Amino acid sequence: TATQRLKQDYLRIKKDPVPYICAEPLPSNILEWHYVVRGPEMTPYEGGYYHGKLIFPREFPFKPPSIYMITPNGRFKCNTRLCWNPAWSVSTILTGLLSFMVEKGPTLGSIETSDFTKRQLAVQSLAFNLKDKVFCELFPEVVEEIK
C-alpha cells in the first residue's frame, strides 16, 4: 500500500533526518508531501530556503512521485514537474533532488540563470516563504530558523 509505505517513510525520516531537508505530509492527504531544502553553503543557494512538494501515486512504492518546487530558485521552473527502485524512501528521493539541484546539468523542469540571480532569489526566498500560510503551518521550526 502507498499509504502504509509512506507512513513508514515518515517515521524513518523523522528518526533518521537527512542534511538540509525537512519533509511533512499534508494532514489531509498522505499522498502529498511538502518539503523544505536549505541552500548549502558554497553554492549560489546559500542562505536560501526552498519549498516544494512530492505527489505520490496510489501505485507508490512501485512508481515514483511527481516532484515540484514552489519557491523561485533559479534552477528549476516553479510549479512544474521535475527530475526505479521501490526501496528508495522519501529520504533518498529528497537527498537525490538536492544533489541534482546543486549541479549544472539539464533536466525536465530546469532553467538557466546566473549565480547572482540565484543569489537574489535566495535572499528573496525568506520573505516569499513567510507570506505562504501553508509553509508557515507545515514547517513552524523552519519559520523560526528563517526569522
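Residue positions are given as counts along the sequence shown, with the first one as 1.
The entry models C83 and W84 with a gap of 10 or more deposited residues left without coordinates. The question of which stretch, 84 to 92 or 27 to 35, has the higher mean Cα B factor is settled in favour of 84 to 92. Mean C-alpha B-factor is higher over 101 to 109 than over the other stretch, the pair under comparison being 101 to 109 and 37 to 45. In the PDB entry, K7 places in the lowest third of its chain by CA B-factor.
Per the PDB record, residue ranking by Cα B-factor puts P57 in the middle third of the chain.
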